[PDB]
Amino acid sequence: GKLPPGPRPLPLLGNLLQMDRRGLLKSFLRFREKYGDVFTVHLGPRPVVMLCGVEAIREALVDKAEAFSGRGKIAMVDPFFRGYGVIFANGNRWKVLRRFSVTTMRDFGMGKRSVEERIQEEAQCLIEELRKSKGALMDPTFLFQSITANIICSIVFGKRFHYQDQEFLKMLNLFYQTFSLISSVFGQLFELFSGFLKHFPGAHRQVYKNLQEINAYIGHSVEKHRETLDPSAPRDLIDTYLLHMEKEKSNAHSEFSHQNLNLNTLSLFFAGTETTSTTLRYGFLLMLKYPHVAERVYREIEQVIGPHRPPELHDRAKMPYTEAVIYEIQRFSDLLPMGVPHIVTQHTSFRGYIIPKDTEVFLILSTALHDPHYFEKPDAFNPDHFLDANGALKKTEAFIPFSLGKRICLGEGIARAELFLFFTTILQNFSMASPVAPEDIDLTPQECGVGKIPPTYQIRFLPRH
């Protein structure tokens, strides 16, 4: 009958005075030193249980899924989402939204394109755009958000936007700034003291205002889908939801509400755009720092695919090196180092500790991805972390960047397809250069909070021959 151990808190400040200035993640890795894999930290007024290492995390999300499957809050965006949409929902609202989103993120209608096909098409558009740049320097952030946003758009809104569309780019800008502001030092501090800091000016207000501006776009798209809805031929995920709404309207407790429609839709957009693109940004920075890996990846593309046939998912199994590189990009880039917060949904016992219902829990995914027993020298980028003796692909159970269990990333199959196809399709057509010599490329993230965000950089894409 005790919570996990941890540093002794003060009233009001919780463990603030024991924290590391460099962030939550660093704070928690120090605590782990002292207390081991399961400990309690008081983030202002809330005790939060931290679980570290693949064994503890898997034991919680998979073996104790009846208790560890709740969703906790991200203080920076809770005032906006308020438990609407699939990411932030619990209970029956979650079950409904998850079932809906999973099915509709995969089955689209006979004669509608596959996931692979939309990605393949977006990849050709991206290569045509990169050709048109003629080797000019760019920060590729906007293009990497455009291609990942466009895959979600084709599912959600039934169309794609053009790369030079300044309105499309305005919404990409809002998603980008929001993810940065959520992961900033302020955003981390807000996680501790949201109750106090919310009365004052700060980034939380800018985040809230950004999300309302994206929400206004969605609300208008929804209305215009409603006006043109053909109940016999759903175009996209919005039409499918409208039909469920119509079908359940006689139940006042239907979860197909207007607020879930907007916020689930937003949720999918945010997650679909900022995750994969951020991974891509890091991956191309790593290719600049390790041009020998990129050159090896090209050799493999040449031998297995050739210089012109578009890459397809069937190529994956014949490309162990490219796959190792992409896993290692994900491992090293550690997109969500503390995952997304969980909450326990019933009184539970965990390695002797007793964790009461409603206790918030962070799974520190970063500790699995940097576990030195699975990855020798885990702080260095090295695709050999994923290769055996023969150069064959060695997967491992510590590779959990999508989490595990009931709340495991529902975009996983999409993200993996997007990483492989965009990565290989770009390298099939271009090598990369930049004004910064490999030795001087600094990989230090620009933010490290909920999200790990790479520094900005310039790069050129040089066409092959």
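Rigid core: the largest C-alpha set superposing within 1.5 Å between the two forms. Throughout, we count residues from 1 along the sequence that is shown.
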| query | finding |
| --- | --- |
| Larger mean CA deviation from the shown form in 7 other deposited structures of this protein [core fit; 297-305 vs 186-194] | 186-194 |
| Farther-lying stretch by C-alpha RMS in 7 other deposited structures of this protein (rigid core fit) among 381-389, 216-224 | 216-224 |
| Gap at residue 140 across at least one third of the other PDB entries | no |
| Residue 202 not built in a third or more of the other entries | no |
| Stretch with the greater mean C-alpha B-factor as recorded in the entry, comparing 361-369 against 311-319 | 311-319 |
| Stretch exceeding the other in mean C-alpha B-factor - 415-423, 36-44 | 36-44 |
| Candidate set 85, 337, 158, 378 [ranked by C-alpha B-factor, highest] | 158 |
| 187, 291, 391, 341, ranked by C-alpha B-factor: the highest one | 391 |
| Residue 163 - Cα temperature factor, lowest/middle/highest third of chain | highest |
| Third of the chain, ranked by Cα B-factor, where residue 147 sits | lowest |
| CA B-factor placement of residue 3, once the chain's modelled residues are sorted into thirds | highest |
| Modelled-residue ranking by C-alpha temperature factor, third containing residue 331 | lowest |
| Entry-reported Cα temperature factor of residue 90, expressed as the chain third it lands in | middle |
